[PDB]
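Engineer: Below you'll find the structure I mean.
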Amino acid sequence: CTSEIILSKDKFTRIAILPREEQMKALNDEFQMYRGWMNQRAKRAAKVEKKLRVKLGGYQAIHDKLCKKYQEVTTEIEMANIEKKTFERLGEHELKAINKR
Amino acid sequence: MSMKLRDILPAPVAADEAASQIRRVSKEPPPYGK
Amino acid sequence: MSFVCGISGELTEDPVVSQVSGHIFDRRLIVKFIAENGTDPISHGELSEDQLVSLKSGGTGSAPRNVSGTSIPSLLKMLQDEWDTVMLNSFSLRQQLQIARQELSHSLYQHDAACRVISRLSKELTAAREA
Amino acid sequence: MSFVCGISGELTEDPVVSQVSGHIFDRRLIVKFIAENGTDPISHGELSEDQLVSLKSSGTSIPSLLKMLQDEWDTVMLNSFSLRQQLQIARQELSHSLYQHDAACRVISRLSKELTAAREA
Amino acid sequence: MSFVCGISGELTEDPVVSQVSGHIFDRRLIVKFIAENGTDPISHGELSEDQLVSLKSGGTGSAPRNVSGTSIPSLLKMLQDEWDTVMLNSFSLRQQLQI
Amino acid sequence: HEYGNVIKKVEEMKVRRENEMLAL
Amino acid sequence: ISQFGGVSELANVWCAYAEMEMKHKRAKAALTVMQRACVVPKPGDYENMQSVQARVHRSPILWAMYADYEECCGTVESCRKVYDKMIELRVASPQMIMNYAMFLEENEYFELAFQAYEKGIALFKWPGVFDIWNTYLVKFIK
Amino acid sequence: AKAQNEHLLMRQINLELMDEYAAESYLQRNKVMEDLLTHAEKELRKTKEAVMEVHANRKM
Amino acid sequence: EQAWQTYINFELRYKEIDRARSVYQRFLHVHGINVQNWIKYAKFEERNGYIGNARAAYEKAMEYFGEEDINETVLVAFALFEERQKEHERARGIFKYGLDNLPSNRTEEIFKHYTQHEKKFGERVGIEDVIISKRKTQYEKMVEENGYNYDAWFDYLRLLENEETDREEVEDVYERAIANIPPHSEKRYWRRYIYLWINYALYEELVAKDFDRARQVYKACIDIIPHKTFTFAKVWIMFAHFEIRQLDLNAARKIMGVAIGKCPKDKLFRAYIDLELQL
Ligand SMILES: O=P(O)(O)O[C@H]1[C@H](OP(=O)(O)O)[C@@H](OP(=O)(O)O)[C@H](OP(=O)(O)O)[C@@H](OP(=O)(O)O)[C@H]1OP(=O)(O)O
């Protein structure tokens with residue numbers, strides 16, 4: 001019944017008893033009602049969202065800056081730790097070279 | 001810990017700003033060279 | 001280091017975890033606590049120095065920490081938390097619907113009420129029209 | 001084996017049963033149900049997370065799995081909407097039925113009082 | 001508390017540590033690693049699933065939603081764009097290793 | 001389950017209220 | 001608004017204002033003057049809180065005049081507000097505590113009359129309370 | 001159209017909760033992220049000196 | 001402590017209130033154990049109008065001394081503070097929380113101040129409720145002080161009967177009364193005691209209307225009186241007439257004939273004769 005019953009001609013009817021073109025008009029208006037309900041929500045959502053974007057945008061910009069800084073530092077740590085381990089190993093090789101020369 | 005008086009008591013209804021919300025030169029020289 | 005000791009409350013530089021506690025301690029704290037009391041401060045289970053392992057980070061292969069806030073695990077996590085909310089919401093709606101749908105089926109007297117009105121009014125008419 | 005959660009009706013990867021009713025649940029839902037409602041969900045008796053008995057125990061394409069999620073999420077939300085729509089229709093049928101009942105009581109009240117007059121005509 | 005897995009670099013809700021390394025892992029990842037290789041992923045010491053000590057302390061808190069993450073389809077959209085960047089990263093690694 | 005960090009809001013509110021306040 | 005030598009001089013002016021309004025039958029204005037006279041200053045209401053106008057609300061003469069008009073022209077509930085505020089501020093003398101209880105008793109609010117006596121006893125220290133206790137204990141028994 | 005009605009409803013509930021707590025949680029997120037940056041810069045500075053110390057021991 | 005006071009007084013004489021506040025907050029780190037230092041601080045915050053700090057000071061006092069080892073002096077001071085700030089529903093709350101969580105060998109201060117607060121700022125149904133609970137506690141104390149203070153029982157029993165309190169509790173307190181058997185074989189000491197038994201039977205017959213239980217009361221009188229050394233004709237006459245009620249003269253005759261049998265006494269004969277005349 002909740003699928004079979006739709007309003008048409010300003011009255012509740014069975015769907016199957018209507019003329020085909022009247023079924024199309026009924027289903028069009030039924031669909032247009034749901035599209036109304038969506039748009040009534042979407043406008044309310046966008047209103048709150050637009051407030052959040054400006055309310056939070058400063059905190060987000062700070063986090064973006066910190067991510068870039070943290071990536072730079074950690075890649076510097078990586079390259080510096082590579083340099084540490086080669087020069088430590090190279091320092092041993094130079095010590096052997098001292099005794100040789 | 002025990003169930004606090006913080007939790008058991010009603011919130012104070014006589015809240016007021018001053019009651020419970022009002023809680024607690026020199027010169028410089030010019031720079032180098034200038 | 002990023003590890004915070006459970007007992008001293010400080011950000012430690014000597015992180016050690018004990019197998020019985022599943023909890024994080026300073027080395028300098030837990031060894032003397034074992035020496036003076038032999039006991040896990042948290043669970044009050046026994047302790048011995050072989051039950052202790054010291055944490056490390058930044059070894060070879062250790063992946064870079066993701067800091068971008070988004071991640072596949074965290075998105076799948078919150079998609080799961082949405083799903084649990086919608087099912088428990090839908091379950092209480094389904095329960096509410098069953099209660100309402102149950103009682104309105106039991107309340108289907110209205111045709112039998114109509115026969116009683118017919119019976120009462122016809123009696124009334126024969127009792128009104130006898131003089 | 002296949003096990004069906006009493007809350008969701010879905011196949012569950014972690015079937016658990018409550019001693020207070022003997023109905024199987026997904027652990028994660030019933031823990032959240034307990035943590036929100038306290039009762040057993042089916043028998044309405046008092047329940048607690050320690051009263052839960054655990055039962056015994058492929059991938060295709062990520063663009064496909066993401067589309068299976070999309071279509072499956074739309075089905076879950078479609079169901080939730082139809083429940084809210086059906087619940088208001090049930091309440092509208094119910095409130096109408098009570099009005100018919102209360103109007104019938106007024107008619108039966110009215111007629112039964114009028115029927116007293118026939119004894120003093 | 002807050003922890004990050006040595007394998008994935010993400011936060012973990014199930015932090016665990018091997019007895020043969022200082023490094024900490026998300027349990028299901030290290031178990032899957034052990035199930036293939038039988039070894040610590042970083043120290044290469046031989047490792048078994050019972051040599052794992054579990055931190056019962058509370059795992060890392062949830063990452064806050066983006067405002068675009070407030071709707072289920074936009075989470076799936078975000079998950080799709082996230083996933084593509086993860087695969088391009090994994091593909092970039094095998095190129096970099098060849099070079 | 002999502003905003004469980006509100007425990008940290010009240011804790012930092014509590015810690016803040018320990019400023020200009022008593023022992024223990 | 002002007003200066004005076006002391007509180008009692010000013011309080012007589014407030015009374016003289018309400019007095020003439022009452023004789024001219026502007027009873028609601030007379031009460032309004034007394035309300036406006038008796039309102040306790042907030043800590044910022046005056047240039048200093050020890051000025052004569054900032055202290056005049058503690059004069060018992062002023063509250064006596066106000067409460068008497070409420071008995072004559074107000075509601076029972078409004079009189080309790082005046083007397084209760086007069087008790088709150090320490091203003092009420094033992095005699096006018098007994099007037100308060102007499103008023104409630106006369107209006108048959110016997111149980112509130114005992115609360116009036118009861119806070120009379122809370123304010124005053126012996127021998128000041130002695131006639132409050134005398135009237136209380138005989139009335140309770142009666 | 002029914003499915004989108006519920007997505008928008010859940011979006012509203014999310015946005016309204018987000019309006020209560022996003023400002024706090026983002027502030028808390030930054031306070032954790034700041035600590036990582038300073039601690040990473042501590043590690044960066046500490047390792048730089050150690051590389052420099054190796055140059056010292058080599059020259060000496 | 002006397003040193004810190006002079007530093008507080010020093011700062012207050014220059015009207016340096018925030019300085020004097022900081023001394024208190026250090027003072028309680030040292031001499032915090034003395035509750036009066038904690039109350040003095042909250043009086044200071046109150047008297048300078050920092051009523052939100054005064055409230056927090058009392059709440060921290062409760063926290064400091066421990067909400068299991070609850071301290072009456074904080075509760076009374078805190079409750080009287082909220083009373084004086086017109087937070088009367090909080091003031092009542094603090095008193096009731098005190099009585100709910102402390103043993104009644106303490107709480108006498110909480111009670112007397114609660115039956116001050118309620119006796120002004122409460123209302124009749126509340127005022128009488130707290131005074132009854134005070135009196136019950138007061139009788140219960142002076143009973144524990146002596147037991148043989150029969151006038152404490154006769155009041156306590158009358159109070160519980162007058163307030164229509166539940167049968168099980170009125171019946172229980174009678175059993176505690178009855179255990180105070182006089183330590184003497186001399187009738188003089190029983191003459192006052194014996195009305196505990198008589199009133200218990202009268203309560204059981206008139207108020208509880210449980211005649212089988214009332215019979216057990218009367219029976220237990222006769223098992224307690226010595227009879228050989230002395231007797232009360234009172235109990236035998238009452239127990240006989242209790243069996244004339246319920247229409248059991250065949251029991252009343254048995255009761256009254258055993259009275260003649262164990263202990264011929266003139267009022268027992270007179271009363272039995274009079275009964276047989278009326279029959
Ligand atoms: O036994 P009797 O010589 O006839 O005297 C009795 C008897 O007095 P004693 O037993 O104390 O000597 C009663 O006492 P109980 O047997 O009831 O304990 C007493 O009653 P009270 O103890 O209540 O005074 C009563 O006096 P009354 O007539 O006022 O009831 C009085 O009886 P007679 O006055 O008739 O002798």
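Ligands are numbered from 1 in the order shown, residues from 1 within each chain, and chains are lettered A, B, ... in the order they appear in the structure tokens.
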Where in chain A does DSSP assign alpha helix (DSSP H), given as a ChimeraX atom specification?

Structural biologist: /A:20-100

Engineer: Kindly provide, as a ChimeraX atom specification, the residues of chain F having any atom no farther than 12 Å from an atom of chain B, counting only C-alpha atoms.

Structural biologist: /F:16-21

Engineer: Could those residues be written to a file, using N, CA, C and O atoms, as a PDB file, in the first residue's frame?

Structural biologist:
ATOM      1  N   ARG F  16      42.960  24.319  33.540  1.00  0.00           N
ATOM      2  CA  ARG F  16      42.900  25.777  33.498  1.00  0.00           C
ATOM      3  C   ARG F  16      42.301  26.343  34.778  1.00  0.00           C
ATOM      4  O   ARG F  16      42.797  27.341  35.311  1.00  0.00           O
ATOM      5  N   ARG F  17      41.247  25.716  35.298  1.00  0.00           N
ATOM      6  CA  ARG F  17      40.670  26.174  36.556  1.00  0.00           C
ATOM      7  C   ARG F  17      41.529  25.868  37.778  1.00  0.00           C
ATOM      8  O   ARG F  17      41.252  26.420  38.844  1.00  0.00           O
ATOM      9  N   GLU F  18      42.572  25.043  37.661  1.00  0.00           N
ATOM     10  CA  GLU F  18      43.555  24.941  38.738  1.00  0.00           C
ATOM     11  C   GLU F  18      44.483  26.144  38.825  1.00  0.00           C
ATOM     12  O   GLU F  18      45.186  26.282  39.830  1.00  0.00           O
ATOM     13  N   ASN F  19      44.510  27.010  37.819  1.00  0.00           N
ATOM     14  CA  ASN F  19      45.252  28.255  37.940  1.00  0.00           C
ATOM     15  C   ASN F  19      44.545  29.221  38.880  1.00  0.00           C
ATOM     16  O   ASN F  19      43.325  29.391  38.830  1.00  0.00           O
ATOM     17  N   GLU F  20      45.340  29.875  39.723  1.00  0.00           N
ATOM     18  CA  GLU F  20      44.831  30.659  40.844  1.00  0.00           C
ATOM     19  C   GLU F  20      43.902  29.822  41.718  1.00  0.00           C
ATOM     20  O   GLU F  20      42.823  30.270  42.116  1.00  0.00           O
ATOM     21  N   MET F  21      44.301  28.577  41.991  1.00  0.00           N
ATOM     22  CA  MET F  21      43.522  27.709  42.863  1.00  0.00           C
ATOM     23  C   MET F  21      44.428  26.811  43.702  1.00  0.00           C
ATOM     24  O   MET F  21      45.647  26.752  43.522  1.00  0.00           O
TER      25      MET F  21
END

Engineer: Which residues are near residue 74 in chain D? Cut-off 10 Å, only C-alpha atoms, ignore same chain within fewer than 6 positions. Put them as a compact mmCIF listing (two decimals) with N, CA and C atoms, in the first residue's frame.

Structural biologist:
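selection_31.txt, written as the output of this step:
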# COMPACT_ATOMS: atom_id res chain seq x y z
N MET D 68 30.92 -0.79 -4.93
CA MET D 68 30.06 -1.61 -4.08
C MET D 68 29.71 -0.91 -2.78
N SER D 80 16.72 3.34 5.84
CA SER D 80 16.48 4.26 6.96
C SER D 80 15.43 5.30 6.64
N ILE E 72 28.62 10.96 3.79
CA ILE E 72 29.10 9.63 3.41
C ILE E 72 29.62 9.59 1.98
N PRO E 73 28.92 10.11 0.97
CA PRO E 73 29.50 10.11 -0.38
C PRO E 73 30.78 10.91 -0.49
N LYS H 2 15.21 9.32 -2.26
CA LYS H 2 15.12 8.92 -0.86
C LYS H 2 16.50 8.74 -0.23
N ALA H 3 17.43 8.12 -0.95
CA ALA H 3 18.77 7.93 -0.41
C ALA H 3 19.47 9.25 -0.12
N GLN H 4 19.36 10.22 -1.02
CA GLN H 4 20.00 11.51 -0.78
C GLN H 4 19.36 12.27 0.37
N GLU H 6 18.45 11.02 3.25
CA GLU H 6 19.11 10.58 4.48
C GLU H 6 20.58 10.98 4.55
N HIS H 7 21.30 10.96 3.43
CA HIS H 7 22.66 11.47 3.43
C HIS H 7 22.70 12.92 3.87

Engineer: List all protein, DNA and RNA residues that have at least one atom no more than 7 Å from any atom of ligand 1, counting only C-alpha atoms and all ligand atoms, and write them as a list in words.

Structural biologist: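 So, counting only C-alpha atoms and all ligand atoms, the residues near ligand 1 are residues 191, 231, 232, 233, 234, 265, 266 and 267 of chain I.
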
Engineer: Mind writing the picked residues with C-alpha atoms as a JSON list (two decimals), in the first residue's frame?

Structural biologist:
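Saved the output as selection02.json:
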[["chain", "number", "residue", "atom", "x", "y", "z"],
["I", 191, "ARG", "CA", 5.97, -1.57, 87.44],
["I", 231, "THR", "CA", 2.82, -11.24, 89.61],
["I", 232, "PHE", "CA", 1.13, -8.53, 87.58],
["I", 233, "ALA", "CA", -2.61, -9.05, 87.54],
["I", 234, "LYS", "CA", -2.72, -6.46, 84.73],
["I", 265, "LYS", "CA", -4.17, -12.74, 93.99],
["I", 266, "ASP", "CA", -7.22, -10.71, 94.92],
["I", 267, "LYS", "CA", -7.55, -8.70, 91.71]]

Engineer: Can you check which parts of chain B lie within 12 Å of chain G? Per residue, the shortest pair of atoms and distance in Å to one decimal, counting only C-alpha atoms, sorted by chain and number, as JSON lines.

Structural biologist:
{"residue": "B:16", "atom": "CA", "partner": "G:42", "partner_atom": "CA", "distance": 11.9}
{"residue": "B:18", "atom": "CA", "partner": "G:43", "partner_atom": "CA", "distance": 9.3}
{"residue": "B:19", "atom": "CA", "partner": "G:43", "partner_atom": "CA", "distance": 11.1}

Engineer: What does the file look like for those residues with N, CA, C and O atoms, as a short mmCIF file (atom, residue, chain, number, x, y, z; two decimals), in the first residue's frame?

Structural biologist:
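File written: again.cif
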data_model
loop_
_atom_site.label_atom_id
_atom_site.label_comp_id
_atom_site.auth_asym_id
_atom_site.auth_seq_id
_atom_site.Cartn_x
_atom_site.Cartn_y
_atom_site.Cartn_z
N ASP B 16 26.09 35.12 38.77
CA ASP B 16 26.17 36.53 38.46
C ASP B 16 27.61 36.80 38.03
O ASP B 16 28.53 36.09 38.45
N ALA B 18 29.82 39.42 38.51
CA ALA B 18 30.72 39.84 39.58
C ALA B 18 30.83 38.80 40.69
O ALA B 18 31.86 38.71 41.35
N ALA B 19 29.77 38.02 40.91
CA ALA B 19 29.82 37.00 41.95
C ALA B 19 30.78 35.88 41.59
O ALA B 19 31.64 35.51 42.40
#

Engineer: Any idea what the distance is between CA of residue 98 in chain C and CA of residue 81 in chain C?

Structural biologist: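 Separation between CA of residue 98 in chain C and CA of residue 81 in chain C: 25.7 Å.
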
Engineer: Contacts between chain F and chain C, please, where a residue of chain C counts if it comes within 12 Å (with only C-alpha atoms); show its shortest atom pair and distance in Å to one decimal, rows by chain and ascending number, as CSV.

Structural biologist:
residue,atom,partner,partner_atom,distance
C:74,CA,F:2,CA,11.2
C:77,CA,F:2,CA,9.9
C:78,CA,F:2,CA,7.8
C:79,CA,F:2,CA,11.0
C:80,CA,F:2,CA,11.0
C:81,CA,F:1,CA,7.7
C:82,CA,F:2,CA,9.5
C:84,CA,F:1,CA,10.5
C:85,CA,F:1,CA,9.9

Engineer: List the spatial neighbours of residue 56 in chain D as a PyMOL selection string - criterion: any atom at most 12 Å away, only C-alpha atoms, same-chain residues fewer than 4 positions off excluded.

Structural biologist: chain D and resi 1-3+13-17+24

Engineer: Would you save the residues from that selection as a CSV table (one decimal), in the first residue's frame, using N, CA and C atoms?

Structural biologist:
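Saved to result06.csv:
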chain,number,residue,atom,x,y,z
D,1,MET,N,31.0,-20.5,9.6
D,1,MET,CA,29.6,-20.6,9.1
D,1,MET,C,28.9,-19.3,9.0
D,2,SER,N,27.8,-19.2,8.3
D,2,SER,CA,26.9,-18.0,8.3
D,2,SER,C,26.2,-17.8,9.6
D,3,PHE,N,26.3,-16.6,10.1
D,3,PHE,CA,25.7,-16.2,11.3
D,3,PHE,C,25.1,-14.8,11.1
D,13,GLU,N,31.0,-11.1,10.8
D,13,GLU,CA,32.3,-11.7,10.9
D,13,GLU,C,32.6,-12.1,12.4
D,14,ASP,N,31.9,-11.6,13.4
D,14,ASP,CA,32.2,-11.8,14.8
D,14,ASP,C,31.0,-12.1,15.6
D,15,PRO,N,30.4,-13.2,15.4
D,15,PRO,CA,29.1,-13.5,16.0
D,15,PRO,C,29.3,-13.7,17.5
D,16,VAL,N,28.5,-13.1,18.3
D,16,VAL,CA,28.5,-13.2,19.8
D,16,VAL,C,27.1,-13.3,20.2
D,17,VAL,N,26.8,-14.1,21.3
D,17,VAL,CA,25.5,-14.3,21.9
D,17,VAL,C,25.5,-13.8,23.3
D,24,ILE,N,22.0,-13.9,18.7
D,24,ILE,CA,23.3,-13.7,18.2
D,24,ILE,C,23.4,-12.2,17.8

Engineer: Using only C-alpha atoms, which residues sit within 10 Å of residue 240 in chain I once same-chain residues fewer than 4 positions away are excluded, as a ChimeraX atom specification?

Structural biologist: /I:218,234-236,244-245,248-249,251-257,259,271-272,275

Engineer: When you draw a straight line from CA of residue 262 in chain I to CA of residue 220 in chain I, how long is it in Å?

Structural biologist: 16.2 Å

Engineer: Within 12 Å of chain E, which residues of chain H show up when using only C-alpha atoms, listed as a PDB file with C-alpha atoms, in the first residue's frame?

Structural biologist:
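Writing done, so here's selection.pdb:
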ATOM      1  CA  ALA H   3      18.772   7.928  -0.410  1.00  0.00           C
ATOM      2  CA  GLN H   4      19.996  11.513  -0.783  1.00  0.00           C
ATOM      3  CA  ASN H   5      17.431  12.685   1.779  1.00  0.00           C
ATOM      4  CA  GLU H   6      19.112  10.577   4.476  1.00  0.00           C
ATOM      5  CA  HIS H   7      22.662  11.474   3.426  1.00  0.00           C
ATOM      6  CA  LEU H   8      21.678  15.115   3.835  1.00  0.00           C
ATOM      7  CA  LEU H   9      20.086  14.379   7.211  1.00  0.00           C
ATOM      8  CA  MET H  10      23.210  12.620   8.469  1.00  0.00           C
ATOM      9  CA  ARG H  11      25.285  15.434   6.971  1.00  0.00           C
ATOM     10  CA  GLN H  12      23.300  17.954   9.020  1.00  0.00           C
ATOM     11  CA  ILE H  13      23.766  15.951  12.221  1.00  0.00           C
ATOM     12  CA  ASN H  14      27.485  15.668  11.471  1.00  0.00           C
ATOM     13  CA  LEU H  15      27.776  19.382  10.693  1.00  0.00           C
ATOM     14  CA  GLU H  16      25.897  20.352  13.855  1.00  0.00           C
ATOM     15  CA  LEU H  17      28.126  18.160  16.017  1.00  0.00           C
ATOM     16  CA  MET H  18      31.097  19.479  14.063  1.00  0.00           C
ATOM     17  CA  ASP H  19      30.019  23.018  14.967  1.00  0.00           C
ATOM     18  CA  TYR H  21      33.590  20.338  18.654  1.00  0.00           C
ATOM     19  CA  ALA H  22      35.653  20.969  15.503  1.00  0.00           C
ATOM     20  CA  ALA H  23      37.228  24.157  16.864  1.00  0.00           C
ATOM     21  CA  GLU H  24      38.389  22.331  19.994  1.00  0.00           C
ATOM     22  CA  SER H  25      39.586  19.184  18.218  1.00  0.00           C
ATOM     23  CA  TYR H  26      41.475  21.128  15.549  1.00  0.00           C
ATOM     24  CA  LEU H  27      43.139  23.180  18.279  1.00  0.00           C
ATOM     25  CA  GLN H  28      44.013  19.957  20.102  1.00  0.00           C
ATOM     26  CA  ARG H  29      45.307  18.437  16.848  1.00  0.00           C
ATOM     27  CA  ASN H  30      47.630  21.404  16.266  1.00  0.00           C
ATOM     28  CA  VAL H  32      49.934  17.608  19.243  1.00  0.00           C
ATOM     29  CA  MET H  33      51.347  18.419  15.799  1.00  0.00           C
ATOM     30  CA  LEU H  36      56.107  16.612  16.884  1.00  0.00           C
TER      31      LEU H  36
END

Engineer: I need the contact residues of chain C against chain E, so if you could list those with any atom within 7 Å, counting only C-alpha atoms, and return them as a PyMOL selection string, that would help.

Structural biologist: chain C and resi 19+22-23+53-57+59-66+69+71-72+74-75

Engineer: Export N, CA, C and O atoms of the chosen residues as a PDB file, in the first residue's frame?

Structural biologist:
ATOM      1  N   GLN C  19      56.123  -6.722  30.367  1.00  0.00           N
ATOM      2  CA  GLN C  19      55.220  -7.681  29.736  1.00  0.00           C
ATOM      3  C   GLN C  19      53.939  -7.886  30.533  1.00  0.00           C
ATOM      4  O   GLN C  19      52.859  -8.043  29.951  1.00  0.00           O
ATOM      5  N   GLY C  22      51.731  -4.319  30.278  1.00  0.00           N
ATOM      6  CA  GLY C  22      51.326  -3.701  29.031  1.00  0.00           C
ATOM      7  C   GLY C  22      51.390  -2.194  29.083  1.00  0.00           C
ATOM      8  O   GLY C  22      50.586  -1.523  28.427  1.00  0.00           O
ATOM      9  N   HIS C  23      52.328  -1.644  29.851  1.00  0.00           N
ATOM     10  CA  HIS C  23      52.338  -0.229  30.190  1.00  0.00           C
ATOM     11  C   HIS C  23      53.771   0.272  30.117  1.00  0.00           C
ATOM     12  O   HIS C  23      54.723  -0.510  30.160  1.00  0.00           O
ATOM     13  N   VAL C  53      61.253  -4.601  28.122  1.00  0.00           N
ATOM     14  CA  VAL C  53      61.776  -4.324  26.787  1.00  0.00           C
ATOM     15  C   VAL C  53      61.753  -2.821  26.546  1.00  0.00           C
ATOM     16  O   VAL C  53      60.796  -2.139  26.929  1.00  0.00           O
ATOM     17  N   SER C  54      62.795  -2.314  25.887  1.00  0.00           N
ATOM     18  CA  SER C  54      62.991  -0.884  25.681  1.00  0.00           C
ATOM     19  C   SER C  54      62.638  -0.493  24.250  1.00  0.00           C
ATOM     20  O   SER C  54      63.045  -1.162  23.296  1.00  0.00           O
ATOM     21  N   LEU C  55      61.881   0.592  24.115  1.00  0.00           N
ATOM     22  CA  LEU C  55      61.313   1.000  22.837  1.00  0.00           C
ATOM     23  C   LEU C  55      62.319   1.793  22.010  1.00  0.00           C
ATOM     24  O   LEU C  55      63.210   2.456  22.545  1.00  0.00           O
ATOM     25  N   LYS C  56      62.170   1.710  20.687  1.00  0.00           N
ATOM     26  CA  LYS C  56      63.015   2.446  19.756  1.00  0.00           C
ATOM     27  C   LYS C  56      62.181   2.858  18.552  1.00  0.00           C
ATOM     28  O   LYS C  56      61.132   2.272  18.271  1.00  0.00           O
ATOM     29  N   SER C  57      62.663   3.877  17.840  1.00  0.00           N
ATOM     30  CA  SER C  57      62.020   4.370  16.629  1.00  0.00           C
ATOM     31  C   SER C  57      63.079   4.797  15.622  1.00  0.00           C
ATOM     32  O   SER C  57      64.237   5.031  15.972  1.00  0.00           O
ATOM     33  N   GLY C  59      64.408   3.203  12.989  1.00  0.00           N
ATOM     34  CA  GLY C  59      65.240   2.223  12.329  1.00  0.00           C
ATOM     35  C   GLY C  59      65.039   2.176  10.827  1.00  0.00           C
ATOM     36  O   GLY C  59      64.142   2.794  10.251  1.00  0.00           O
ATOM     37  N   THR C  60      65.931   1.420  10.188  1.00  0.00           N
ATOM     38  CA  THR C  60      65.907   1.249   8.741  1.00  0.00           C
ATOM     39  C   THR C  60      64.595   0.618   8.294  1.00  0.00           C
ATOM     40  O   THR C  60      64.121  -0.351   8.891  1.00  0.00           O
ATOM     41  N   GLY C  61      63.988   1.194   7.257  1.00  0.00           N
ATOM     42  CA  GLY C  61      62.695   0.760   6.790  1.00  0.00           C
ATOM     43  C   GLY C  61      61.513   1.393   7.493  1.00  0.00           C
ATOM     44  O   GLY C  61      60.399   1.338   6.960  1.00  0.00           O
ATOM     45  N   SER C  62      61.719   1.962   8.683  1.00  0.00           N
ATOM     46  CA  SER C  62      60.633   2.560   9.452  1.00  0.00           C
ATOM     47  C   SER C  62      59.945   3.648   8.641  1.00  0.00           C
ATOM     48  O   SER C  62      60.576   4.632   8.245  1.00  0.00           O
ATOM     49  N   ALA C  63      58.657   3.451   8.385  1.00  0.00           N
ATOM     50  CA  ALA C  63      57.922   4.314   7.479  1.00  0.00           C
ATOM     51  C   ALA C  63      57.850   5.736   8.037  1.00  0.00           C
ATOM     52  O   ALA C  63      57.887   5.931   9.253  1.00  0.00           O
ATOM     53  N   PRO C  64      57.756   6.752   7.178  1.00  0.00           N
ATOM     54  CA  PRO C  64      57.513   8.101   7.693  1.00  0.00           C
ATOM     55  C   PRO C  64      56.131   8.202   8.305  1.00  0.00           C
ATOM     56  O   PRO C  64      55.151   7.692   7.758  1.00  0.00           O
ATOM     57  N   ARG C  65      56.066   8.858   9.458  1.00  0.00           N
ATOM     58  CA  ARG C  65      54.791   9.092  10.119  1.00  0.00           C
ATOM     59  C   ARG C  65      53.887   9.930   9.231  1.00  0.00           C
ATOM     60  O   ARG C  65      54.262  11.025   8.803  1.00  0.00           O
ATOM     61  N   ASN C  66      52.697   9.411   8.952  1.00  0.00           N
ATOM     62  CA  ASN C  66      51.696  10.193   8.247  1.00  0.00           C
ATOM     63  C   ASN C  66      51.125  11.249   9.177  1.00  0.00           C
ATOM     64  O   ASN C  66      50.636  10.932  10.265  1.00  0.00           O
ATOM     65  N   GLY C  69      46.554  13.827   8.327  1.00  0.00           N
ATOM     66  CA  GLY C  69      45.232  13.762   8.943  1.00  0.00           C
ATOM     67  C   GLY C  69      44.280  12.795   8.295  1.00  0.00           C
ATOM     68  O   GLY C  69      43.631  12.007   8.989  1.00  0.00           O
ATOM     69  N   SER C  71      43.667   9.370   6.210  1.00  0.00           N
ATOM     70  CA  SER C  71      44.329   8.101   5.965  1.00  0.00           C
ATOM     71  C   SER C  71      43.257   7.105   5.570  1.00  0.00           C
ATOM     72  O   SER C  71      42.079   7.288   5.874  1.00  0.00           O
ATOM     73  N   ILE C  72      43.681   6.034   4.917  1.00  0.00           N
ATOM     74  CA  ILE C  72      42.753   4.950   4.612  1.00  0.00           C
ATOM     75  C   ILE C  72      42.215   4.281   5.870  1.00  0.00           C
ATOM     76  O   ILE C  72      40.997   4.058   5.943  1.00  0.00           O
ATOM     77  N   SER C  74      41.767   5.555   8.919  1.00  0.00           N
ATOM     78  CA  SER C  74      40.865   6.458   9.621  1.00  0.00           C
ATOM     79  C   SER C  74      39.580   6.715   8.848  1.00  0.00           C
ATOM     80  O   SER C  74      38.524   6.887   9.463  1.00  0.00           O
ATOM     81  N   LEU C  75      39.633   6.742   7.516  1.00  0.00           N
ATOM     82  CA  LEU C  75      38.399   6.858   6.747  1.00  0.00           C
ATOM     83  C   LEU C  75      37.546   5.605   6.858  1.00  0.00           C
ATOM     84  O   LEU C  75      36.326   5.692   7.028  1.00  0.00           O
TER      85      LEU C  75
END

Engineer: Report as a PyMOL selection string all protein, DNA and RNA residues lying within 7 Å of range 90-96 of chain C, evaluated on only C-alpha atoms, omitting residues in the same chain fewer than 2 positions from it.

Structural biologist: (chain C and resi 86-88+98-100) or (chain D and resi 7+80+83-84)

Engineer: Excluding same-chain residues fewer than 2 positions from range 47-55 of chain D, what lies within 8 Å of it counting only C-alpha atoms, as a PyMOL selection string?

Structural biologist: chain D and resi 14-20+31+34+38-40+45+57
